[PDB]
Each structure stands twice: as C-alpha cells, then as structure tokens.
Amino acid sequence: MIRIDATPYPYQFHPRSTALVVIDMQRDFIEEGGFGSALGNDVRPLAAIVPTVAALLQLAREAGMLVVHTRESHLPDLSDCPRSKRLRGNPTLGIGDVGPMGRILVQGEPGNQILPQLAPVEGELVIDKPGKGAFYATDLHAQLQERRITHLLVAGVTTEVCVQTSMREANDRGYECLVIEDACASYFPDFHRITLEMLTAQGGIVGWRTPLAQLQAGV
C-alpha cells in the first residue's frame, strides 16, 4: 500500500492492482518538422515532458507494474475512421494524407510510432484507438479487468483531448486515476491548466493529480 501526496487529497494504490497508461506519445505530435509543427503548433511543451514520461516508465518497470501505451491510429484503409472525423475542419492535410512522417494517423507509419525513448518493451499492453478516449472501440477495459487493475497512473498528450477523455472514461468505469501533471502536455498552456483543475474539481470528481516527485517520494 503506497500513499502519495496529491490534489485534492492523498492517493493510495498497490503496484499489483495499478497500471501506468501513457497516452499518444507519437512522433508526429512531438518531433520538430513532424505533422504537429506543420499545422503550426508549438511542439516544445510536449518534447519538454519526454524525460519525465521516461522516468515514469522506469518507475513502473522497476515496480513491476503493468504498462499500457496508447496510439491514436486508423487501419491503412481508414475503415475504422468515421466520415465526421475525416471531414472535420476541411484540413489541407487530413487523416490518411501524406504528411512529413507519412500517412497522418495511420497504423505502421513513422509519425504514428511512439517516441523510441518511450517505446513499448515486451510484456506491455499497446492499444491502437480510433478515438481520443482510450476505452472507446478498444479492449482496454476488458484487458485491465482480466489483470484485476483498479488504479491508473496517467501520462501523455494532449491534456485537454486524449488525456482528459481517457481519464473521464476511466473514472466512469470505476478506476481510481492519478494524472502525473508534469508528465502531460498540450499545444495550449491554458487548456492544460484548466483541464487539471477540472479533473480534481468538487473533491476529485474525475480523479487526482500530482507531480512525478510526489510519486517517486511515495515509492
């Protein structure tokens, strides 16, 4: 039983019944000249968390905890990609179009791959999700129930989209979720900040948040 100083009150977990979930740490969103930059976004806040996510992964692997990685991705034939999502915003470079690191949001492309320095090792779960929420159209809920997981440590990008959605999904499904605040990032500083406040608002309506240092202190 490990007790972590957290907002809005201390967070308790057992490593055996806890998993680390690292959401969408994908080359196209984070690397200089990748698709993120092209759309005009500041990738720097995302690159700046890479060392903290790496230390979270090493903490989980040392503790022998389950590790889940997610990738936002579609089948190369775009058959799991809703028409709504493909048309949304009439993008010049849309899902499946050739971007700087290959076909945008497509399974097996270089830009779709998880950063090498945070990449999955053998024994870790890897979920390809067609939506922002890690639980929609995936077997993530079933896989965690098979492993008797009750508690999630959450990290990744972006805070107000995939992280928030996945965390809201997990909260509804009965998981106790701790987002590691310095291991999440957004293209929008204000969205990052208000999302973290929303998640722990009203006595922890979605869950808990703490910096890496409080997690390391607990273990």
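Residue positions are given as counts along the sequence shown, with the first one as 1.
Q: Determine, for stretches 150-158 and 61-69, which one has the higher mean CA B-factor as deposited.
A: Averaging CA B-factors over each stretch, the winner is 61-69.
Q: Which is higher in the entry, the mean Cα B factor of 126-134 or that of 90-98?
A: Between 126-134 and 90-98, it is 90-98 that shows the higher mean C-alpha B-factor.
Q: Taking the Cα B-factors listed in the entry, which of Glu169, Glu176, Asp182, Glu32 comes out highest?
A: Across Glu169, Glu176, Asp182, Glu32, the entry lists the biggest C-alpha B-factor for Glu32.
Q: How does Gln113 rank on Cα B-factor within its chain, lowest, middle or highest third?
A: Answer is middle: the recorded C-alpha B-factor places it there.
Q: Could you place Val53 in the lowest, middle or highest third of its chain by Cα temperature factor, using the values in the record?
A: It falls in the bottom third of the chain.
Q: When the deposited Cα B-factors of this chain's modelled residues are ordered and cut into thirds, is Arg193 in the lowest, the middle or the highest one?
A: Its C-alpha B-factor, which the entry lists for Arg193, ranks in the highest third among residues of this chain.
Q: Give the position of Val163 by CA B-factor within its chain, expressed as the lowest, middle or highest third.
A: Within its chain, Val163 is a lowest-third residue by C-alpha B-factor, going by the deposited values.
Q: Could you tell me which third, lowest, middle or highest, the C-alpha B-factor of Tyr9 occupies within its chain?
A: According to the entry, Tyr9 has a C-alpha B-factor in the chain's highest third.
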